[PDB]
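In structure tokens, the next block holds one chain alone, the form deposited in one PDB entry.
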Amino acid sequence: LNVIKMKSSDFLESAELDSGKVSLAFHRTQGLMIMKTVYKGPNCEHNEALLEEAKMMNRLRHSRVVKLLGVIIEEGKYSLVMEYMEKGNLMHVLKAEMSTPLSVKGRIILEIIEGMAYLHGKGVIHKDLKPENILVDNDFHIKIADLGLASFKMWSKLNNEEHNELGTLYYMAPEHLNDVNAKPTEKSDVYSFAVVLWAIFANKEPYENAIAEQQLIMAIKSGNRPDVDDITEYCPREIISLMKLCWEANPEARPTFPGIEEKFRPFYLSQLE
């Protein structure tokens, strides 16, 4: 339940990944893993706080959240070590030439609901749910990640701290768009989820026809949402309903993940599984 303090010698770590300075690394005994090197540079401070924030992020253990296996914390380099998800992130899986069946897409959605229900269950606001932060194993089971380090302030600042040698907008609720200092709520995560449902049936990012960013922000704040007609393949009307309900302008008019799970699970089981 305390963090595993791993050494640099324990790995033969690879080149970067574009789905990240995130890299695949080979542990000498425990085998294949994912490593997020946060810092490289001279010695610095906050060592106890980072190791406590690692302990904090090690607390959250579920079948649908990515597990911290350990951390590297040495003289002038800081890294997070996490379990290997073979098929990469959700958006990578949807774009692949291999067909993703309806039943699988259904299960993926239930597994995300399960995972979000867990984090909210522990009083965690994700703040940055998006297909990047949804990883997929070889059996097409998923786990939720915080690779932005949204919920871990000391690690997130460490990336841009000082002497460091080493996306969101589409899934961010309109209340927080163009807001320098916004407080994200649980219902912020519910909006993100709605855009994720759309992406799962679109097999692409939303807002492809946007030209400038200030155009897209002002559009989404004025009530624009992903084009439902741009869903070419079959998407059940129950899920089309659900994503419209979850990307409501009014935060309070959105449901909660317990509320979603209660409706979606029996629908999934009866119609999609």
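Here, rigid core means the biggest group of C-alpha atoms that superpose within 1.5 Å across both forms. Residue indices: 1-based, along the sequence shown.
The form deposited in another entry exists for this protein as well; it is not shown, and the discussion that follows is about that form.
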(message) Out of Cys235, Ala210, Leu245, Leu60, I need the residue that shifts by 2 angstroms or more at the Cα between the shown form and the other one, core superposed.
(response) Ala210
(request) Superpose on the rigid core, then tell me if the C-alpha of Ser222 is displaced by 2 angstroms or more between the shown form and the other one. (result) no
(request) Once the core is aligned, please say if the CA of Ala96 is shifted by at least 2 angstroms between the shown form and the other one. (result) no
(message) Is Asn181 displaced by at least 2 Å at its C-alpha between the shown form and the other one when the rigid core is overlaid?
(response) yes
